[PDB]
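K.L.:
Let me give you the structure first, and then I'll get to my questions.
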Amino acid sequence: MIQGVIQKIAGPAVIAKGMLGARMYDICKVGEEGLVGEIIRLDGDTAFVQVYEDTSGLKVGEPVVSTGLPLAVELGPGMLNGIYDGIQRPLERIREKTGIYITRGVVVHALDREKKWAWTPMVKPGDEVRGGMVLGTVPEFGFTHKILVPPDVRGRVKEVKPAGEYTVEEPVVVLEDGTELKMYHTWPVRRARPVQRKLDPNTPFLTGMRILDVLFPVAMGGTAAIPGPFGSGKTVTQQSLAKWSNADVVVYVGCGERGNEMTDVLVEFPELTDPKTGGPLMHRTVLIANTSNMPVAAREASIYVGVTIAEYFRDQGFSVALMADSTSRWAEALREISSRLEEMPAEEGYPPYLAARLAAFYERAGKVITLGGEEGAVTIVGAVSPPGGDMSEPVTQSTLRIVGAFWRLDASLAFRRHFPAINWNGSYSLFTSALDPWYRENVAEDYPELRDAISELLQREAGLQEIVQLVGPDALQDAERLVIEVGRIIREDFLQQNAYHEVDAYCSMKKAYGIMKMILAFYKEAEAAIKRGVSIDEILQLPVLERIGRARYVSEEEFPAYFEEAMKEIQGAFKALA
Amino acid sequence: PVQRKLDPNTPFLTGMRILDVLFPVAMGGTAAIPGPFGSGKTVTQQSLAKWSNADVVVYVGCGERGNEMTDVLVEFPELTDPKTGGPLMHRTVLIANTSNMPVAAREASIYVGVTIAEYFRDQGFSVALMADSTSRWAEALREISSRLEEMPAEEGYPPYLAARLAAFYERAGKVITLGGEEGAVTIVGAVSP
Amino acid sequence: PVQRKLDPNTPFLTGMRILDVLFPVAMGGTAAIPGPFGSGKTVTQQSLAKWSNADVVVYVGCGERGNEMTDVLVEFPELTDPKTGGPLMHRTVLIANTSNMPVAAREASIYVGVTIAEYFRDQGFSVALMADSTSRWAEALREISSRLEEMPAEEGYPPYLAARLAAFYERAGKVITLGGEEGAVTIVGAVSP
Amino acid sequence: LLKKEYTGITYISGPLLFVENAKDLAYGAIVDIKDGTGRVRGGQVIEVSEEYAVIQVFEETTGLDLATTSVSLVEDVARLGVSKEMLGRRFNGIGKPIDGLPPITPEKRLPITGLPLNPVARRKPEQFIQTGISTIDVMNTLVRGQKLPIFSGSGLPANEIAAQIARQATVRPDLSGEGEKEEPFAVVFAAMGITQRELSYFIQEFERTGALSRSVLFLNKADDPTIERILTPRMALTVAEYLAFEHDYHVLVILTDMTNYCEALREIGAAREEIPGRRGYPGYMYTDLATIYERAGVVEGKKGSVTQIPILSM
Amino acid sequence: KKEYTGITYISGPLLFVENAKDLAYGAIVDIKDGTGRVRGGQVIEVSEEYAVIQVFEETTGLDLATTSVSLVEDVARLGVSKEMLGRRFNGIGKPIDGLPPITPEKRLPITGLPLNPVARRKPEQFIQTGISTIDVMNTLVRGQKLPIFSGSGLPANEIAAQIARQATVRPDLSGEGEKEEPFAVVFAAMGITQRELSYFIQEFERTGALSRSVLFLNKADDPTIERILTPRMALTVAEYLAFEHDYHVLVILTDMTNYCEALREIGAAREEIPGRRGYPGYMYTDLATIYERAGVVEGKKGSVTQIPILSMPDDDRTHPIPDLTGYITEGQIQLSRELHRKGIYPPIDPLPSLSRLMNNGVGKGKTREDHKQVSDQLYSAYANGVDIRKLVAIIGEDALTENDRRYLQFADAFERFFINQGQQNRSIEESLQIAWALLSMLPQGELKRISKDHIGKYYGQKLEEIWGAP
Amino acid sequence: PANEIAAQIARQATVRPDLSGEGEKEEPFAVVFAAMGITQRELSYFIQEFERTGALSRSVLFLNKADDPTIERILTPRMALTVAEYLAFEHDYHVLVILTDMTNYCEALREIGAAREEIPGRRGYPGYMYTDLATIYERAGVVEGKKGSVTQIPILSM
Amino acid sequence: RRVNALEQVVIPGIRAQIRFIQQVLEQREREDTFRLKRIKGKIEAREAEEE
Ligand SMILES: Nc1ncnc2c1ncn2[C@@H]1O[C@H](COP(=O)(O)OP(=O)(O)O)[C@@H](O)[C@H]1O
Ligand SMILES: Nc1ncnc2c1ncn2[C@@H]1O[C@H](COP(=O)(O)OP(=O)(O)O)[C@@H](O)[C@H]1O
Ligand SMILES: Nc1ncnc2c1ncn2[C@@H]1O[C@H](COP(=O)(O)OP(=O)(O)O)[C@@H](O)[C@H]1O
Ligand SMILES: [Mg+2]
Ligand SMILES: [Mg+2]
């Protein structure tokens, strides 16, 4: 490859000479120390390379060697149960050979080069193989990892290795033109992986939160955003989605995060268990962790590594969910990189191409038909942290133009310790109508025409706030005092959920449906009793109001008996009323 | 050149009650009409062209819509000159440079219009000059300065912007011509902030 | 050079109730009085020159009007020293550099004044130094920097502006002189934003 | 005809590259850029001189090098091949079909920048259009040859109103006294910066009522190169002008979102280090927008008409 | 040994030396002139033809004929030892107290390596600072970064000195009594004046607090590069003591605003285009390499804790320096101007203050088990009372309800006794006792946040225990 | 109406020897008038106002109209103040100086400053504008041992 | 009446002024950045006048 020498050092900017033939945006190794960087400007015989690490100690005349490839990730067996930084360096294997400090110039491989895998072929000599097809399978924990021919390779199969133990470096399939196919291939993180055809999402993405998958649901293959002020509940909700969701593979991206908070994820997660299979939770997760003191170039490309890995797992027929934590701290690194390149800003210091990059990141989601003919889906949920809790910030304005759902957290509800702090007026979703055919088959026939009744009840309560603020609740007539009480019951027994509780942390769909049925039955019976002529004071004393309050903490398998008992008890109590 | 300039002492009758009564403008004066979009600058200027008592009307469409020029071209031969009885188009000169025409020609159109108005002044007539927008002329100057790599003063405008506007508006007034006859020119300019 | 810096434990009496009571300054302290034009900086500093209890007063007129220097030159010989009984001008040194005098001399006057004030400190006196405007010093530094073609900082000032101001206020304090006596210098500087 | 290649690349940085010996490239020409792997990129000459010519690239400059890259001339001015068979087709906003059907056979090739209409050649708009909406038709009526934008918010249903207008608009000659007779009516729909959900919604809505048989669709997605967003409305206006003023159609052009066009223009202009305007947008926004909006109207002596309904979100 | 005499340009703080390609980037050099004086400098740019050197101090007396430059060290290193405890340094390791220099046990680069995120562990033990509003409601945990936000006239220096003088750990409260815990304090002051220098010296030396502290003092008239290098050396010493001798250290950085303005000056002197409001574009990255060196590491017994201090330029929390600080640190303690003007010290405002990591350090087995509920109840009650205190001025006290009068009296007594502690040193048990004494003013049963066991155990104490013993 | 106020001040100004106790009568003020970028409408008013009060026999006028070149405005205040200083301190006159618009002078200064690419101050004006304005205003006052005096009434639009 | 007047008149009036001042300040900052870019570009060309 192309080799040169250093001509000028000034900060991170290094000018090399003799680099005629070097290509744009390649990865170069600078000096004898082995520091890495990117070529950003070519001029005659010279090249402008920008070094990631600290350049103190470099001398003029040290060699510069170009790798000939842009920023790329290694896709193959062995990515699950792994912890990476923003440029795919395994942190666990760095610690085993370096200690508590990350020394500059350390060299490690993303995929383990000395672990045996159980190869099993699915092709024979003479087969005609197109890009994106399947060569064989490899067992990996609870899954079966499929070896895929890279998207740009086609030909005829010459020879296939027999079954046995092999490493990722062994060429298992050799084509007739001399091409050797191994168990892994590299892909540029800034190139979208091709597909056959995109599809409309039609199945829900179950989150385990009662408000989320009922009032503002997100479809499998959709996008969402969760902005909020400081201490509103972003991180807890993201970790809850990681813990309890029904996606096959979860990719968690911390794109620049507080160190003592990244420690919580790095410590607590190995202790947890898989909701579906009961095994370790980390057997289905890929973790990408960056702290604030990591190199800025690794922080900026962290959300592209994650989406590329998610697209790779999508091409094998899985369903992948991607959690991006604090994309505002990714936009900070983007702004810093733009500032180092001397670019004219737009809005509050951001580069004018911010809305292009945000669009290029969110648009990779969606349910597709893979090149092999299988279905796959990627779901993206990103969290935004505005500097002052204002939604006019440019990142929020650029995000809300392209997301399919929008959950807005409120500081007023967080002050009253109402968790989750989702504002049910400013929020919206666009997947309800498409998800309606799925709900009436798998949950209940009445569900889409039962959720809107509760939405109507919540809307009627909001219109009475101008009167309750003027005159106290005890001066209202019973016809609206009843809906005030029902609104309180809804807000405190259905919408509210405790993520630290043992049984309240997760809620299935049928449990929520039963709670809604109980609430609406109470509303109907109380309205009828008011129409008889009874006073509302005797209604609010009924013990069944505590039974609805205990519906959150009842166990998931104990619930079918409790629901039947409550539905009998409420009719028995309201029949005996005057 | 002229012999002497005179003090304006006769009104410029426009035909609008609020402009003729509350805020009059003389036969040698200058006026500016700023306003946002949809405020009514073009309607006001075309009413001034239709109904004023000036002998010759010069209209300059510096960087405006083409439909306004088409409307003026079509509907004016069907009207009647208030003080002569002939067609209204017989007293009108139009200079049109629409918005999608070349930018550099916006600067020349203002000078062409004011030179024609000065020429008709020297024959003893009273001329009213209407400029549809001077902000477009300012934008043309800004673009030319941007190609010259000059340092801008404020909002990107070249520092000599005020000199050009001061020199343009100073052409107006009531004068004694070199031939001994009397003439006057009024300038009404629209501004689009 | 000095021998040892001391602690501030003696108030600087200015004669104004608000400054002496609510916002006191010690004998070796530093104070800043910013404000817009026509707010009262010059009158306050001249009142401090007239009525304070310092032994020697040094006045630096950096880049201001000459009429105020004439007023000080005329009015002061008729006054009485509050602690000596003689003329008030016998304890005052004036360094004047008006606004129409050359720009580069504005930087030199501040250093000359502070050096003279330090010299009178070494004899065992307490000296009060008043700088009429330190913003003109920064403006002069900006003016010189335009000829040097350097890269400016915020608002066009040279990047080393903050070092000069820090080194100027650092000279104030109560010390033990090299001869064993005790002296002090207090600085009051006006800022014109 | 033969082709010429220039291999004197001297400087690459950002979106620009310099060609040394290219003294015969016309200003504003269209070139194609070939790297060592055979991938071809497009570009436009924005400045020419004796020493070198400046070419900006339509997409990423990743993979280029000075030793092996070569620049070839395509055509002196950008041209689009138009034909009457384009009705019912879909294009990617650059001129290539994305419906899977074979490409069209050009009747004529026309410049996409167009030419200014002579104000003497125009005539007054005088015929109304039934939009099917009570608030528009009665109080803010639409005339053939008018340009009437819709000002929308972030959450307001602008796309639904656009689809309803495209489905339900018609021209009524029986009211005008001309007599009940056929009028050739067509719809040119240009969407730029839309997401996949809105693209699917528009496709399904156009197919549902069978309006696709009389419509030409130019579609541009949010992950596409930003140059295609600049070139998208000019293709639609060229096609509409050709139809209206050669085959006497009554066309209706809908520009789905001009806000994305303005962002794409700000991104392009700031990359060339030019002095910004009111809020970072370039100072020549007014001229650039006037080159698009002013292409509608009616022409004296001809039957066709062009009507524009831009849509933007404040 | 080698000396370069090819000076070609001197202007401001920079000078150019030709044929100096042997100098490494960032190397430290010394400049010698015709009078024999030796100055310091740093290489900021190396090329084939010349190198650029930024000079410490002024350039008076230099000339292009006689000046020569020699090399001192390839990278900036500091000699560290356990004998640094009880010493004062000028910001580049030169002693200023007059004692002989320390012999180095090691020489370490002042720019440290980043910590591996997988080697950290969760902070779970607290520090008793001796201040009620910090220990009870905003508890500081070993390994936390908890800055203090102050203003122009507010006494941040006094609070810093008091925290440095009073801080200790409580091994008896943890487990079965625990064992010996070595403790140390590292103090770094950037851009302070002579008055603050004298105050800090006389405060540390008058009570024996110097025997466990290392002080890095940098004056306002010192060179700016000294101010840049001041906090990194303090962090180097803190990391050495914590992770090679098992010490529990506490680092106090006196003013980060001065550091940011020095960074702005240095960046503008090297012809770099700034970012928002004139500050350098890499300020977020540069601050992150200082804050993130604190923490606690698996398999190690020591810990590093940081308390940065910064002054908001106009009490503006939207300024870049406080805004980017909150992106990296785990909370904030905010000083109040109106509490300062009302004669209350220390003027810590409990409403805007927040500590992210309080829940891990408090609780059963590390402190008393009623900590969290008491803190929450105090927060809620004070937040209720502060608005009644304003409503009274319009509607009059006799028109309020009874509970409103209770809350008003509680909000007065809270500011009177709990916050205004003066120079007193309070243990955690004393602060909890005072907090329970204040809660007894409120009627029993109004304490919705506290469980019944703690109410039955601790309610009913009189306020006279501190009223009659102030 | 700043021009009418200036003309009224110039018409009505007088000292009061009887109140001051000097007892010495005075000759009327000599007026030095400097116009920078003035229009014809204001200039025709000023000329008629000076004609009606008979003050043209004691006046010196420097006129730079709005259609005149811009860069000539740098010289005019200096010429006017040189003549005023000579008359006041060489022939014991009492001179009143009126400068019509300093905004035009500042615009003329900004044009040249932006041509040479100086380091600007606020709103694009050159950084030495304080010094340049100081050399104009500070030419007034009273000199010890001399009878004459210079009084300035600049006019400027905000 | 007073509550409604404060809620619906004064607060948006203050907020619009804040939004205007922020944009003016940002525009001035952008102009300063452009000027600094020109100054740096001019300085770089002066040094390389004779290679
Ligand atoms: N679902 C929930 N259940 C219980 N507590 C919650 C819930 N959501 C948020 N909280 C509380 O709100 C706080 C918000 O903290 P966190 O979400 O980590 O930071 P941020 O909201 O700034 O991302 C947490 O300390 C937690 O105690
Ligand atoms: N005097 C008027 N009488 C009636 N309508 C008017 C009048 N002035 C303006 N308008 C209305 O203003 C609209 C357009 O104003 P216009 O002159 O185009 O303003 P601008 O030129 O600033 O865009 C016209 O449709 C017209 O209905
Ligand atoms: N203590 C005071 N008593 C009376 N008048 C004062 C006092 N302070 C200021 N002034 C008036 O305020 C004006 C401010 O003058 P000066 O201080 O010279 O301006 P600046 O503050 O801009 O330097 C003076 O004309 C003076 O008459
Ligand atoms: Mg108009
Ligand atoms: Mg003054």
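Each chain in the structure tokens gets a letter, A, B and so on, in the order shown; residues start at 1 in every chain, and ligands are counted from 1 in the order they appear.
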Which residues come within 8 Å of residue F:126, counting only C-alpha atoms, excluding same-chain residues fewer than 2 positions away, as a list in words?
P.N.:
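The filter keeps residues 109, 110, 113, 114, 118, 119, 120, 121, 124, 128 and 129 of chain F.
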K.L.:
Using only C-alpha atoms and a cut-off of 10 Å, which residues of chain E sit close to chain C? Please list them as a PyMOL selection string.
P.N.:
chain E and resi 11-13+191+193-195+198-199+219-224+261-262+264-274+277-279
K.L.:
Pull N, CA, C and O atoms from the residues just selected and write them as a CSV table (one decimal), in the first residue's frame.
P.N.:
```csv
chain,number,residue,atom,x,y,z
E,11,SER,N,7.6,37.8,17.6
E,11,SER,CA,6.5,38.7,17.7
E,11,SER,C,5.5,38.1,18.7
E,11,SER,O,5.0,37.0,18.5
E,12,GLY,N,5.2,38.9,19.7
E,12,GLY,CA,4.3,38.5,20.7
E,12,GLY,C,4.8,37.4,21.6
E,12,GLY,O,6.0,37.4,22.1
E,13,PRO,N,4.1,36.3,21.7
E,13,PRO,CA,4.5,35.1,22.4
E,13,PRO,C,5.2,34.0,21.6
E,13,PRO,O,5.7,33.0,22.2
E,191,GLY,N,-5.6,31.1,38.7
E,191,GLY,CA,-5.9,32.5,38.5
E,191,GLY,C,-6.3,33.2,39.8
E,191,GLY,O,-6.9,34.3,39.6
E,193,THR,N,-5.7,35.6,43.2
E,193,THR,CA,-4.9,36.8,43.5
E,193,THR,C,-4.2,36.6,44.8
E,193,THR,O,-4.2,35.6,45.4
E,194,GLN,N,-3.5,37.7,45.2
E,194,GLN,CA,-2.7,37.7,46.4
E,194,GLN,C,-3.5,37.5,47.7
E,194,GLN,O,-3.1,36.8,48.6
E,195,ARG,N,-4.7,38.2,47.7
E,195,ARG,CA,-5.6,38.1,48.9
E,195,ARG,C,-6.1,36.7,49.1
E,195,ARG,O,-6.0,36.2,50.2
E,198,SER,N,-3.1,34.4,50.3
E,198,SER,CA,-2.9,34.6,51.7
E,198,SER,C,-3.9,34.0,52.6
E,198,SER,O,-3.7,33.3,53.6
E,199,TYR,N,-5.2,34.1,52.2
E,199,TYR,CA,-6.3,33.5,52.9
E,199,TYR,C,-6.2,32.0,52.9
E,199,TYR,O,-6.4,31.4,54.0
E,219,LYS,N,-1.0,32.0,40.5
E,219,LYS,CA,-1.5,33.4,40.7
E,219,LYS,C,-2.1,33.9,39.3
E,219,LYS,O,-1.9,33.3,38.3
E,220,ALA,N,-2.7,35.1,39.4
E,220,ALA,CA,-3.3,35.7,38.3
E,220,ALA,C,-2.3,36.3,37.3
E,220,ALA,O,-2.6,36.3,36.1
E,221,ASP,N,-1.2,36.7,37.8
E,221,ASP,CA,-0.2,37.3,36.9
E,221,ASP,C,0.8,36.3,36.4
E,221,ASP,O,1.8,36.7,35.7
E,222,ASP,N,0.7,35.0,36.7
E,222,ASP,CA,1.5,34.0,36.2
E,222,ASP,C,1.2,33.7,34.7
E,222,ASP,O,0.1,34.2,34.2
E,223,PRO,N,2.1,33.1,34.0
E,223,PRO,CA,1.8,32.8,32.6
E,223,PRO,C,0.6,31.9,32.4
E,223,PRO,O,0.2,31.1,33.3
E,224,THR,N,-0.1,32.0,31.3
E,224,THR,CA,-1.4,31.3,31.1
E,224,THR,C,-1.2,29.8,30.9
E,224,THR,O,-2.0,29.0,31.2
E,261,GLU,N,-11.1,30.7,30.2
E,261,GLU,CA,-10.6,31.9,29.5
E,261,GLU,C,-9.1,31.8,29.1
E,261,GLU,O,-8.7,32.4,28.1
E,262,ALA,N,-8.3,31.2,30.0
E,262,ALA,CA,-6.9,30.9,29.6
E,262,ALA,C,-6.9,30.0,28.3
E,262,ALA,O,-6.0,30.3,27.4
E,264,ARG,N,-9.1,29.9,26.0
E,264,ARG,CA,-9.5,30.8,24.9
E,264,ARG,C,-8.4,31.7,24.4
E,264,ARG,O,-8.2,31.8,23.2
E,265,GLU,N,-7.6,32.2,25.4
E,265,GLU,CA,-6.5,33.0,25.0
E,265,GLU,C,-5.4,32.2,24.2
E,265,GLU,O,-4.9,32.7,23.2
E,266,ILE,N,-5.1,31.0,24.7
E,266,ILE,CA,-4.1,30.2,24.1
E,266,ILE,C,-4.6,29.8,22.7
E,266,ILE,O,-3.8,29.8,21.8
E,267,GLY,N,-5.9,29.4,22.5
E,267,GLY,CA,-6.4,29.0,21.2
E,267,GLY,C,-6.3,30.2,20.2
E,267,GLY,O,-6.0,30.0,19.1
E,268,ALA,N,-6.7,31.4,20.7
E,268,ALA,CA,-6.7,32.6,19.8
E,268,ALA,C,-5.2,33.0,19.5
E,268,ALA,O,-5.0,33.5,18.4
E,269,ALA,N,-4.3,32.7,20.3
E,269,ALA,CA,-2.9,33.0,20.0
E,269,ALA,C,-2.3,32.1,19.0
E,269,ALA,O,-1.2,32.4,18.4
E,270,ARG,N,-2.9,30.9,18.7
E,270,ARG,CA,-2.4,30.0,17.7
E,270,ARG,C,-3.2,30.0,16.4
E,270,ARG,O,-3.1,29.1,15.6
E,271,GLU,N,-4.0,31.1,16.2
E,271,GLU,CA,-4.8,31.3,15.0
E,271,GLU,C,-5.8,30.1,14.7
E,271,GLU,O,-5.7,29.4,13.7
E,272,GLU,N,-6.7,29.9,15.7
E,272,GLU,CA,-7.7,28.9,15.5
E,272,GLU,C,-9.1,29.6,15.5
E,272,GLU,O,-9.4,30.5,16.3
E,273,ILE,N,-10.0,29.1,14.7
E,273,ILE,CA,-11.3,29.6,14.6
E,273,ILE,C,-12.2,29.2,15.8
E,273,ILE,O,-12.2,27.9,16.0
E,274,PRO,N,-12.8,30.0,16.5
E,274,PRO,CA,-13.6,29.6,17.7
E,274,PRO,C,-14.9,29.0,17.3
E,274,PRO,O,-15.3,28.9,16.2
E,277,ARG,N,-19.9,31.7,20.9
E,277,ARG,CA,-19.5,32.8,21.8
E,277,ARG,C,-18.0,33.0,22.0
E,277,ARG,O,-17.6,33.5,23.0
E,278,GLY,N,-17.2,32.7,21.0
E,278,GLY,CA,-15.8,32.9,21.0
E,278,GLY,C,-15.0,31.8,21.7
E,278,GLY,O,-13.8,31.9,21.6
E,279,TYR,N,-15.6,30.8,22.3
E,279,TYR,CA,-14.9,29.8,23.0
E,279,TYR,C,-14.4,28.8,21.9
E,279,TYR,O,-15.0,28.6,20.9
```
K.L.:
Taking 4 positions as the minimum chain separation for residues in the same chain, which residues sit within 8 Å of stretch 113-118 of chain C when counting only C-alpha atoms? Answer as a list in words.
P.N.:
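The filter keeps residues 58, 59, 60, 95, 109, 122, 127, 128, 129, 171 and 185 of chain C.
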K.L.:
May I have the residues from that selection written out with C-alpha atoms, as a compact mmCIF listing (two decimals), in the first residue's frame?
P.N.:
```txt
# COMPACT_ATOMS: atom_id res chain seq x y z
CA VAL C 58 -1.75 60.06 41.34
CA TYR C 59 -4.25 60.78 38.56
CA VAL C 60 -4.03 59.19 35.11
CA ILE C 95 -0.45 62.29 34.08
CA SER C 109 0.80 56.68 30.56
CA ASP C 122 8.73 52.70 48.89
CA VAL C 127 -0.78 56.27 47.56
CA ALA C 128 -4.14 56.34 45.80
CA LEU C 129 -4.06 55.81 42.03
CA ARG C 171 0.89 45.91 41.56
CA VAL C 185 -0.99 51.41 46.89
```
K.L.:
Once you count only C-alpha atoms and all ligand atoms, which residues end up within 10 Å of ligand 4, and could you hand them over as a PyMOL selection string?
P.N.:
chain B and resi 35-45+61+63-65+68+132-133+190+192
K.L.:
Please measure the separation of atom CA of residue A:30 and atom CA of residue A:46, giving the value in Å to one decimal.
P.N.:
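Between atom CA of residue A:30 and atom CA of residue A:46 the gap works out to 14.1 Å.
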K.L.:
At a cut-off of 8 Å, which residues of chain E touch chain A? Count only C-alpha atoms and give the answer as a ChimeraX atom specification.
P.N.:
/E:21-27,44-48,74-75,113-123,144,273-276,281-282,285,288-289,292,295,297,323,327-330
K.L.:
So that I can check the secondary structure, give me every residue of stretch 31-251 of chain D assigned strand (DSSP E or B) by backbone DSSP, as a PyMOL selection string.
P.N.:
chain D and resi 31-34+40-48+53-57+70-75+79-82+90-91+97+108-111+122+128-130+142-143+147+150-152+170+185-194+215-221+250-251
K.L.:
Could you report the residues within 10 Å of ligand 1, using only C-alpha atoms and all ligand atoms, as a PyMOL selection string?
P.N.:
(chain A and resi 209+227-240+261+325-326+383-385+409+411+414-415+417-422+496-501+504-505) or (chain E and resi 355-359)
K.L.:
Counting only C-alpha atoms, which residues of chain D come no farther than 9 Å from chain G, as a ChimeraX atom specification?
P.N.:
/D:273-280
K.L.:
Go ahead and save the residues from that selection, with C-alpha atoms, as a PDB file, in the first residue's frame.
P.N.:
```pdb
ATOM      1  CA  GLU D 273     -17.591  29.556   1.538  1.00  0.00           C
ATOM      2  CA  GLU D 274     -19.991  32.375   0.650  1.00  0.00           C
ATOM      3  CA  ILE D 275     -21.369  35.122   2.894  1.00  0.00           C
ATOM      4  CA  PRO D 276     -24.666  34.005   4.476  1.00  0.00           C
ATOM      5  CA  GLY D 277     -27.901  35.949   4.602  1.00  0.00           C
ATOM      6  CA  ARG D 278     -30.706  36.405   7.089  1.00  0.00           C
ATOM      7  CA  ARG D 279     -30.491  33.135   9.040  1.00  0.00           C
ATOM      8  CA  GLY D 280     -27.578  31.310   7.418  1.00  0.00           C
TER       9      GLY D 280
END
```
K.L.:
Pick out the residues sitting within 10 Å of residue A:200, and hand them over as a ChimeraX atom specification; count only C-alpha atoms, and ignore anything fewer than 5 positions along from it in its own chain.
P.N.:
/A:219-222,366-368,434 /D:196-197,200
K.L.:
Return the single residue from C:189, C:156, C:135, C:105 that is closest to chain G, with distances computed using only C-alpha atoms.
P.N.:
C:156
K.L.:
Which residues are close to residue B:100, i.e. within 7 Å by only C-alpha atoms, leaving aside same-chain residues fewer than 6 positions away? Reply as a compact mmCIF listing (two decimals) with N, CA, C and O atoms, in the first residue's frame.
P.N.:
```txt
# COMPACT_ATOMS: atom_id res chain seq x y z
N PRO D 116 -36.74 32.81 -19.58
CA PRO D 116 -37.77 33.72 -19.05
C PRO D 116 -38.83 34.03 -20.10
O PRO D 116 -38.52 34.26 -21.27
N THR D 287 -33.66 35.17 -5.82
CA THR D 287 -33.48 34.87 -7.24
C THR D 287 -33.67 33.39 -7.52
O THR D 287 -34.31 33.01 -8.50
N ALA D 290 -37.26 32.60 -7.37
CA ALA D 290 -37.96 33.22 -8.48
C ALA D 290 -37.73 32.46 -9.77
O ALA D 290 -38.59 32.48 -10.66
N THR D 291 -36.59 31.79 -9.91
CA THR D 291 -36.37 30.97 -11.10
C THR D 291 -37.28 29.75 -11.16
O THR D 291 -37.38 29.13 -12.22
N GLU D 294 -41.66 31.48 -11.15
CA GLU D 294 -42.07 32.34 -12.25
C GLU D 294 -42.28 31.60 -13.56
O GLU D 294 -42.55 32.24 -14.58
```
K.L.:
For each of G:28, G:21, G:6, G:40, take the minimum atom-to-atom distance to chain F, counting only C-alpha atoms, then give the residue where this is smallest.
P.N.:
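Nearest candidate to chain F out of G:28, G:21, G:6, G:40: G:28.
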K.L.:
Which residue out of C:33, C:73, C:88, C:144 has the minimum interatomic distance to ligand 5 when only C-alpha atoms and all ligand atoms are used?
P.N.:
C:33
